[PDB]
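Undergrad: Structure incoming, see below.
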Amino acid sequence: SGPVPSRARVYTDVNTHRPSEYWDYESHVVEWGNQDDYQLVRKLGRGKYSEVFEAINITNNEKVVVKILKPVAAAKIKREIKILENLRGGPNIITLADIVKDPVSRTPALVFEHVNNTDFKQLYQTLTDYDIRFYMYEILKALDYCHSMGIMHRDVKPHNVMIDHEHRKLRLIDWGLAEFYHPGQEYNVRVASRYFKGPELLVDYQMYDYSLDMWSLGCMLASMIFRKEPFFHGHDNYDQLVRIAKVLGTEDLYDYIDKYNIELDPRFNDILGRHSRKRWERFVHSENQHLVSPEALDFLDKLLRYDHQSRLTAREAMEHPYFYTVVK
Ligand SMILES: NC(=O)c1ccc(O)cc1
Ligand SMILES: NC(=O)c1ccc(O)cc1
């Protein structure tokens, strides 16, 4: 009869109760600013959906970041704009300062606050035990905020976390894959970067929720505490699941796919094999041992679960003994 349905265990009906104006991004009307207020300085990067530039707001002389949307992006731009406006002011959420029409591309350009020329992947393999804990807690603030607001990020990775290490300031960026959670809705599984893709995405389970971001955060943590970039290093999306299975075991994988009445892609029969769950202590060595504690291991264990429903939520994660040492 097909897959068994699933719902988020928290913030289930936040959008259902809200006026349509909140989540119906298609019907959102954009208030355009002055493109001439911003002077492009240097290109930072280019992807499939945008080109990001460092800029100067010539009115106040402040450094800003301009994200010029590619035309590929059509009316998915609307979703990002709405999400960024809904989440503005939220803890560690990138602040959207303006929306201008780019003269060259003839597409919207999103103007953000400038954090630093530094991402989390530039720093994260170099942090102390205390800093891992500190920055993980800052990330959780952003995640609980967007989840509480009916939004799932769907692209949590070190590259999407902008840090000003000197000022101990953090921002969750690139809401281009973000979506409104609607209970019972089937979503596109082609979201997030390969190494941070949850087992739900890899086994083609479309009724996923906020807990997807929690798996992605677990991938980040594992990578930080064990000094392994990335932690689950798949050659592609199939080998990605095999890499996970080599650590968590194939038995809990079969229990997961059984519970949700999911049919695994036949391609997995030849490559998945049989694996016992590995104890987290197996990944400990003299080079990462100062970052590993029984608290770190128990916390990681409660994020990296196949069953998306059995993962800690962002709020439960903030309550964890792992964060008791972080000054609050
Ligand atoms: N697609 C995107 O929005 C994007 C922008 C900059 C990158 O460096 C990578 C990706
Ligand atoms: N601080 C930065 O370099 C930065 C990068 C990308 C953003 O979308 C926002 C800010």
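Undergrad: Apply 1/(1 + (r/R0)^6) to the Cβ-Cβ distance of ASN34 and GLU186, taking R0 = 35 Å, and write down the FRET efficiency to the nearest 0.05.
TA: After rounding to 0.05, the efficiency reads 0.30.
Undergrad: Over the chain, what is the percentage of antiparallel beta bridges among all DSSP beta bridges, to the nearest 5?
TA: Given both bridge residues lie in the chain, the antiparallel proportion sits at roughly 95 percent.
Undergrad: Taking every DSSP beta bridge that has both residues in the stretch 96-195, what percent is antiparallel when rounded to the nearest 5?
TA: Antiparallel: roughly 100 percent of the beta bridges in the stretch 96-195.
Undergrad: Tell me, in nm to one decimal, what length is gained between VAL10 and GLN309 on full extension, where the rule is 0.36 nm per residue of separation less the Cα-Cα distance?
TA: The span from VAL10 to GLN309 would gain 106.6 nm if fully extended.
Undergrad: On a full-extension model of 0.36 nm per residue, what is the gain between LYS259 and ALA74, subtracting their alpha-carbon distance, rounded to one decimal in nm?
TA: 62.9 nm
Undergrad: What number comes out for the charge environment of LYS101, summing +1 per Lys or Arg and -1 per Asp or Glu over other residues with Cβ under 13 Å away?
TA: -4
Undergrad: Could you size up the charge dipole of the chain around its Cα centre, putting +1 on the beta carbon of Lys and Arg and -1 on that of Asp and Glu, and report it in debye to the nearest 20?
TA: 500
Undergrad: Per DSSP H run of n ≥ 4, the term is -39500 (n - 2.57); total these for the chain, divide by its residue number, and report the mean residue ellipticity at 222 nm rounded to 500 deg cm²/dmol.
TA: -8000 deg cm²/dmol
Undergrad: Take the alpha carbon gyration tensor of the stretch 41-159, find the square roots of its eigenvalues, order them as a ≥ b ≥ c, and report rounded if a/c is under 1.5; if not, report prolate when a/b exceeds b/c, else oblate.
TA: It comes out prolate by the Cα gyration axes.
Undergrad: Okay, next question. Using the charge dipole of the stretch 232-328 (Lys, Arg: +1 at Cβ; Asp, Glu: -1 at Cβ; taken about the Cα centre), state which of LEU297, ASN237, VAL326 has its Cα farthest towards the positive end.
TA: Of the listed residues, the answer is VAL326.
Undergrad: Picking from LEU217, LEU44, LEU110, which is most flexible by a Gaussian network model of the chain using Cα springs under 10 Å?
TA: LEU44
Undergrad: Turning to a different aspect of this structure: For the residues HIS182, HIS308, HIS290, what sequence is obtained by ranking on other C-beta atoms within 10 Å, fewest first?
TA: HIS290, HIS182, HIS308
Undergrad: Which links in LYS121/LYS169; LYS48/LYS76; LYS43/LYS63; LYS82/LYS302 stretch past 24 Å when you go from one Cα to the other?
TA: Among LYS121/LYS169; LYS48/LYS76; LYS43/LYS63; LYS82/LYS302, the Cα-Cα distance tops 24 Å for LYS82/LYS302.
Undergrad: Which of these, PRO108, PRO91, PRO266, has the largest mean-square fluctuation under a Gaussian network model of the chain (Cα springs below 10 Å)?
TA: Between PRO108, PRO91, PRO266, it is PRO266 that shows the largest mean-square fluctuation.
Undergrad: Another one. With 10 angstrom as the radius, rank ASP236, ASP24 by how many other C-beta atoms surround their C-beta, starting from the fewest.
TA: With the fewest neighbours first, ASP236, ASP24 line up as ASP236, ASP24.
Undergrad: With springs only between Cα atoms under 10 Å, which of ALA245, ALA97, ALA314 fluctuates most in a Gaussian network model of the chain?
TA: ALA97
Undergrad: Report the charge-dipole magnitude of the stretch 24-114 in Debye, nearest 20, computed about the Cα centre from +1 at each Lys and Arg Cβ and -1 at each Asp and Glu Cβ.
TA: 480
Undergrad: Measuring from centroid to centroid over Cα atoms, what is the spacing of the stretch 155-233 and the stretch 255-328 in Å?
TA: Distance between centres, Cα-based: 14 Å.
Undergrad: Right, another one. Taking the Cα centre of the chain as the origin and placing charges on Cβ (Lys, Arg +1; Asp, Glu -1), which of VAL65, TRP280, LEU177 is farthest toward the positive end of the dipole?
TA: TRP280
Each reported figure results from applying straightforward, stated rules to the coordinates on display, with no laboratory input. Virtual Cβ from ideal backbone geometry, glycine too; neighbours counted across all protein chains shown.
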